[PDB]
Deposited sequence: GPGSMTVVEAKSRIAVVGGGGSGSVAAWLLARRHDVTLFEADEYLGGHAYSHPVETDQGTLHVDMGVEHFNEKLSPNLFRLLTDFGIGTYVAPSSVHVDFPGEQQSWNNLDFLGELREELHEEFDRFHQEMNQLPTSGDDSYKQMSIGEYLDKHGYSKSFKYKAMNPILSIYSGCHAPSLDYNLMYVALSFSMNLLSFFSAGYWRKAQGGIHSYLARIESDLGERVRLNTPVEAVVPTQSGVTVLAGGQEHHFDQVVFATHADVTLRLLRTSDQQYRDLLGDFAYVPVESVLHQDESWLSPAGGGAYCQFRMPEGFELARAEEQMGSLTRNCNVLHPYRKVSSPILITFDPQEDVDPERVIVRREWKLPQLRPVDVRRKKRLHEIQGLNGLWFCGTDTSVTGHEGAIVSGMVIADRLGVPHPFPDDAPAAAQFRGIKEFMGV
């Protein structure tokens, strides 16, 4: 397929992937970016919180990345003159009994006493692993390598749930992803992980992308349908018909399919599994740990847990924002509880967000790769979290891959690691 310059190209979905694709495609082509909600970024949302220090753009979805893991995102932020800061992944885990806890800052707690030897063995086994087990599950490994049910549900499951989704079948996800998160110091039982945050919310780089695009962006304009035709492609958005030569989808595969209007498409876009996530921005200081109230990530398992019913019981993850270095002078509590099990005072709740995260079982990964088939067929292209590897870097680099295929080359060839990532994703996507 040959795509001429100055073509009319639409971008459906304006999250991180859409926005990057739209922004690079604004060079070379005439682009329009359709976004259902009142802002750019989607999972990258920074909610304004009023405080004594000013207005804070509090990250409720996407929060963390770093310069090793996310090179392209890092250069992008740099060039936009956006600073990053270190937000170490300090973790404290609370369970029902007296002193029934553990943390990655000190060696205190009954669970630490009960489990230290397994935390220690785990780190060794994880590190020796990347160097069978090709697509294995973390749960299968734990069982086959004699780890206690206590480690499985009191250590493994909570740590995995500091992201990776609480509702998610965390113990079923790919072994290599856990082995890598541990070797790369993203998760650890002995130290806080090396995580970075963007200066003045993650939205900062999107807010710039938004200005740079200007009139090309349609906020509050949900697409209703994308109909490829003999002539070109027809987009029905915000009660109007639009004529384009190409259409780029940066929406979740389920949304992509509902908007697309062949049953090869139903095969490749249907069956994509998701996990509900509820981010709750609140100020109810009763969620803070009485012993670990100084750690960034605080996990709490409610009363009547019962280790035998462990698959049924679920804990809640709170994020102590006041522990973030920019929020040090701020006097008002800033908490984020994901999927709260116990109650959260409605009087103290700033806002709630309801999102869906893709599952990461090797089958889901196998599904993603297969999309290479419908790429650049009937003037359609697919990018986003569902077409790429996990994380923000994965999403925004996927948008870069599609933009590159439409004659806008990778913006940072100079940056060796950023070029390597792009080469990786382009290869993963089969584009």
Numbered from 1 along the deposited sequence, what ranges are absent from the coordinates?
1-5, 137-140, 271-272
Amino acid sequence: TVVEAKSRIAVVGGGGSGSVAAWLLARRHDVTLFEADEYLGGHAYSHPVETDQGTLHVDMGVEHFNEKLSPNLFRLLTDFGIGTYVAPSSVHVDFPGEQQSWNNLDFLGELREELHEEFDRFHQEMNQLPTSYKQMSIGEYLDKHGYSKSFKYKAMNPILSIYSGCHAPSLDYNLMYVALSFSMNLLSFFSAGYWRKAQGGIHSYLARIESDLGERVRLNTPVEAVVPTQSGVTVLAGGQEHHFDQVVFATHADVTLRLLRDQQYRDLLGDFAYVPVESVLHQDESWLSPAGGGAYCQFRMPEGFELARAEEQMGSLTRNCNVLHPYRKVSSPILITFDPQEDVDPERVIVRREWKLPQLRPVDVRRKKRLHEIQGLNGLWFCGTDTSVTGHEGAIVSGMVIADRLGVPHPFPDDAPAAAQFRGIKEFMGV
From here on, numbers count along this sequence of modelled residues.
Determine, for stretches 13-21 and 419-427, which one has the higher mean CA B-factor as deposited.
419-427
Comparing 374-382 with 387-395, which has the greater mean CA B-factor as deposited?
374-382
Between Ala207, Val247, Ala250, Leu180, which one tops the list for C-alpha B-factor in the PDB entry?
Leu180
Of the choices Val91, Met176, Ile350, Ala87, which one's C-alpha carries the largest B-factor in the record?
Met176
Modelled-residue ranking by C-alpha temperature factor, third containing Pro362:
highest
Assert third(CA B-factor, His243) within chain per record equals highest
Taking the C-alpha B-factors as the PDB entry records them, is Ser164 in the lowest, middle or highest third of its chain?
highest
So where's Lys152 on the chain's Cα temperature factor ranking, which third?
middle
Chain third (lowest, middle, highest) by recorded CA B-factor, residue given as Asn72
lowest
